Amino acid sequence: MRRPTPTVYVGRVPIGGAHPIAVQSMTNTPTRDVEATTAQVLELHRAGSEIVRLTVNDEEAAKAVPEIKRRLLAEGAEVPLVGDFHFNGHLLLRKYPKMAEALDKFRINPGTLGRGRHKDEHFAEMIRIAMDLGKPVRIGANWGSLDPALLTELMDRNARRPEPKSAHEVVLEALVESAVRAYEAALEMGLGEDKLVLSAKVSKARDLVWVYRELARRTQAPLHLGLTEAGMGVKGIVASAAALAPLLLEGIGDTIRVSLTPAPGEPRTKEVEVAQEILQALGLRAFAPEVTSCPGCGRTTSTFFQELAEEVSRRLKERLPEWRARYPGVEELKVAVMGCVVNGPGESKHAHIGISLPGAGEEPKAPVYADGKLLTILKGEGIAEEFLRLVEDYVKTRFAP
């Protein structure tokens, strides 16, 4: 099912149909602040961001990039950096060659190149720089910055149809056309297929699915997939997952970014967490152990069940750094915590290891299952720490080198 694509290396990270779908993010510190940006790149990388983007918006930002890269390399952090260019990318890349060389990838937006004839020249200049330095490029369209000349073109084509489409449908058409035309122009200039990634983001899920299906049909490039401007909190999380899932299940998408608005004081790493959860939920990557647990209902005996589930989740997170170093494959661990006999044994048998608490009407004992069979039955006090010891014993055996 995975769409075949050429491989594009973003630094040491390969993107494309033969490679795992890469998680990426973008900093939100001012790029001119070397200390703050370096720190956030590191933080994002440590959280799971395999590629990190930073805006390169003005001369002060450009001047900071080589120093950011130097500091990352000094700690052996080889996380690739993507520069995000708008309006003046051709000028910054021309004027600051050390910045152009320090970056691992350039992002161009076909709607933020300039006016009229200037747009093609600016484009060309950026692509020439990339070719000269052997850098990959993302041609990233976004409907928040759609090339107006292209929109008018397609509106006029639409108006000629026997059955014109809606204005909204035409905007989607223009967005795809913008990406596809810029992709083909870059190819025609001599930028290699191993150096082009495409995106074309919109902020509504159903629209994103239409767009990406069209991009995937009309191009061969690896695709950077994300729902732009997803918003805040649960809404932003849900919309992001709902938009990406249909496309990922159809084999479309080579790298993802989750565009969450942080709440004031919420860490910028949250979007990385959500990206990882999307991929893992769909079986496309394994990053860390996970917990399958029922909602609980009036059959569940006390607040113990919710406490135990949370304690297990916490413990897995705490053990992971050590486990990752010792036990190959542990990222695939699935642990169940269940509230009663209705689904508890059966769901637990589908995990690597699971506990079925006794709910209402049951004898006060908790069977524990591993590899689909009864392992033991726990009773009394301290069931949580007993179970967590059995999980540790399980991991040490199952994921032994």
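Here the rigid core means the biggest group of C-alpha atoms that line up within 1.5 Å when the two forms are laid on top of each other. When you see a residue number, it is the position in the sequence shown, counting from 1.
J.: Please work out whether 271-279 or 295-303 has the higher root mean square C-alpha deviation in 7 other deposited structures of this protein relative to the shown form, with the rigid core as fitting region?
T.: With the rigid core fitted, 295-303 is the stretch that strays more in 7 other deposited structures of this protein.
J.: For the C-alpha atoms alone, is the average B factor greater in 325-333 or in 230-238, going by the entry?
T.: Per the PDB record, 325-333.
J.: Mean C-alpha B-factor higher for 369-377, or for 356-364?
T.: Taking the mean B-factor of the alpha carbons in each, 356-364 is higher.
J.: Taking the Cα B-factors listed in the entry, which of 51, 56, 34, 340 comes out highest?
T.: Answer, based on the entry's C-alpha B-factors: 34.
J.: At the C-alpha atoms, which of 136, 264, 289, 283 reaches the highest B-factor in this entry?
T.: Within the set 136, 264, 289, 283, 264 shows the top C-alpha B-factor.
J.: Comparing residue 190 with the other modelled residues of its chain, is its CA B-factor in the lowest, middle or highest third?
T.: Highest third.
J.: Of the three thirds of its chain by CA temperature factor, lowest, middle or highest, which one includes residue 165?
T.: For residue 165, whose C-alpha B-factor we compare with every modelled residue in the chain, the answer is the highest third.
J.: Ranking every modelled residue in this chain by its Cα temperature factor as given in the entry, which third contains residue 273?
T.: Lowest third, going by the recorded CA B-factors of the chain.
J.: State the tercile, meaning the lowest, middle or highest third, of residue 158 with respect to the CA B-factors recorded for its chain.
T.: Highest third, going by the recorded CA B-factors of the chain.
J.: What third of its chain's C-alpha B-factors does residue 43 belong to: lowest, middle or highest?
T.: Middle third.
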